[PDB]
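>>> got a structure for you, letters missing:
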(Lines give C-alpha, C1' and ligand atoms only; values in the text may rest on other atoms or scores of the structure.)
Protein backbone atom coordinates (compact mmCIF):
# COMPACT_ATOMS: atom_id res chain seq x y z
CA UNK A 1 0.00 0.00 0.00
CA UNK A 2 0.88 3.69 0.08
CA UNK A 3 2.74 3.24 3.37
CA UNK A 4 4.90 0.15 3.79
CA UNK A 5 8.65 0.46 3.33
CA UNK A 6 10.76 3.63 3.40
CA UNK A 7 14.22 4.11 1.92
CA UNK A 8 15.11 5.18 -1.61
CA UNK A 9 18.38 3.26 -1.84
CA UNK A 10 18.23 1.92 1.72
CA UNK A 11 16.92 -1.35 0.28
CA UNK A 12 20.11 -3.03 1.48
CA UNK A 13 18.33 -2.96 4.84
CA UNK A 14 15.32 -5.01 3.75
CA UNK A 15 15.80 -8.77 3.23
CA UNK A 16 14.47 -8.23 -0.29
CA UNK A 17 16.26 -6.77 -3.31
CA UNK A 18 14.96 -5.68 -6.74
CA UNK A 19 16.21 -8.04 -9.46
CA UNK A 20 15.68 -8.01 -13.23
CA UNK A 21 16.62 -10.53 -15.92
CA UNK A 22 16.05 -9.69 -19.57
CA UNK A 23 12.28 -9.32 -19.91
CA UNK A 24 11.58 -10.66 -16.42
CA UNK A 25 11.29 -8.86 -13.09
CA UNK A 26 11.17 -10.13 -9.52
CA UNK A 27 12.70 -9.84 -6.06
CA UNK A 28 15.45 -11.78 -4.29
CA UNK A 29 14.93 -12.76 -0.65
CA UNK A 30 18.20 -13.18 1.25
CA UNK A 31 16.20 -15.26 3.73
CA UNK A 32 15.07 -17.64 0.99
CA UNK A 33 18.51 -17.42 -0.62
CA UNK A 34 20.48 -18.50 2.45
CA UNK A 35 19.19 -22.03 1.91
CA UNK A 36 20.69 -22.19 -1.57
CA UNK A 37 20.79 -20.74 -5.08
CA UNK A 38 18.39 -23.52 -6.06
CA UNK A 39 15.52 -22.67 -3.71
CA UNK A 40 12.82 -20.38 -5.11
CA UNK A 41 13.93 -16.99 -3.80
CA UNK A 42 13.19 -14.76 -6.79
CA UNK A 43 9.54 -13.69 -6.68
CA UNK A 44 8.18 -12.29 -9.94
CA UNK A 45 5.34 -9.78 -10.33
CA UNK A 46 2.97 -12.76 -10.33
CA UNK A 47 4.27 -13.57 -6.86
CA UNK A 48 5.32 -16.98 -8.16
CA UNK A 49 8.76 -17.64 -6.68
CA UNK A 50 11.52 -18.82 -9.01
CA UNK A 51 14.91 -20.47 -8.52
CA UNK A 52 18.05 -18.46 -9.29
CA UNK A 53 17.98 -20.47 -12.52
CA UNK A 54 14.25 -20.40 -13.26
CA UNK A 55 14.14 -16.60 -13.09
CA UNK A 56 16.73 -16.56 -15.88
CA UNK A 57 14.73 -18.96 -18.05
CA UNK A 58 11.78 -16.58 -17.76
CA UNK A 59 13.82 -13.89 -19.50
CA UNK A 60 15.54 -16.20 -21.95
CA UNK A 61 19.08 -16.40 -20.60
CA UNK A 62 18.93 -20.03 -19.47
CA UNK A 63 22.12 -20.36 -21.51
CA UNK A 64 23.82 -18.12 -18.95
CA UNK A 65 26.76 -19.21 -16.80
CA UNK A 66 26.48 -16.73 -13.93
CA UNK A 67 23.05 -15.67 -12.66
CA UNK A 68 24.65 -12.79 -10.76
CA UNK A 69 25.80 -11.36 -14.07
CA UNK A 70 22.55 -11.69 -16.01
CA UNK A 71 20.42 -10.54 -13.07
CA UNK A 72 20.57 -6.77 -12.55
CA UNK A 73 19.52 -4.95 -9.38
CA UNK A 74 18.66 -1.26 -9.74
CA UNK A 75 20.78 -1.13 -12.88
CA UNK A 76 23.70 -2.74 -11.05
CA UNK A 77 24.50 -6.44 -11.42
CA UNK A 78 24.38 -8.48 -8.21
CA UNK A 79 28.11 -9.11 -8.51
CA UNK A 80 28.69 -5.36 -8.66
CA UNK A 81 26.62 -4.66 -5.54
CA UNK A 82 28.23 -7.59 -3.73
CA UNK A 83 31.72 -6.21 -4.37
CA UNK A 84 30.63 -2.93 -2.79
CA UNK A 85 29.54 -4.91 0.26
CA UNK A 86 25.89 -4.25 -0.57
CA UNK A 87 24.75 -7.80 -1.31
CA UNK A 88 25.41 -10.80 0.93
CA UNK A 89 24.71 -13.38 -1.77
CA UNK A 90 24.27 -16.04 0.90
CA UNK A 91 26.38 -16.94 3.95
CA UNK A 92 29.95 -16.28 2.80
CA UNK A 93 32.00 -19.22 4.06
CA UNK A 94 35.37 -17.81 3.07
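Received it, and whenever you're ready, just let me know what you need. Numbers count the residues shown, from 1 in each chain.

>>> list the contacts for the most centrally placed residue in the chain?
In the chain, the centroid-proximal residue (C-alpha atoms, centre = their mean) is residue 28; its distance is 3.4 Å. Residues near residue 28 by C-beta atoms under 8 Å, 6 or more residues apart in numbering: 16-17, 19, 41-42, 71, 73, 78. Just so you know, the C-beta spots here come from the backbone N, C-alpha and C atoms, and that holds for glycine as well.

>>> In the chain, what residue spans correspond to strands?
Remark: strands assigned in the chain by DSSP state E are 16-21, 24-29, 42-43, 49-50, 72-73, 76-77.

>>> hey, which of those strands is tucked in deepest?
strand 42-43 (a mean of 24; mean count of other C-beta atoms under 10 Å).

>>> Output the contacting helices and strands for that one.
strand 24-29, strand 49-50, helix 52-59 (3 or more C-beta pairs under 8 Å, 6 or more residues apart in numbering; DSSP states H and E).

>>> Contacts for it next, please.
Against strand 42-43 from outside (C-beta under 8 Å, 6+ apart): 19, 26-29, 49-52, 54-55, 71.

>>> Was I right to think residue 59 contacts residue 23?
Yes: counting by C-beta atoms under 8 Å, residue 23 is a contact partner of residue 59 at 5.2 Å.
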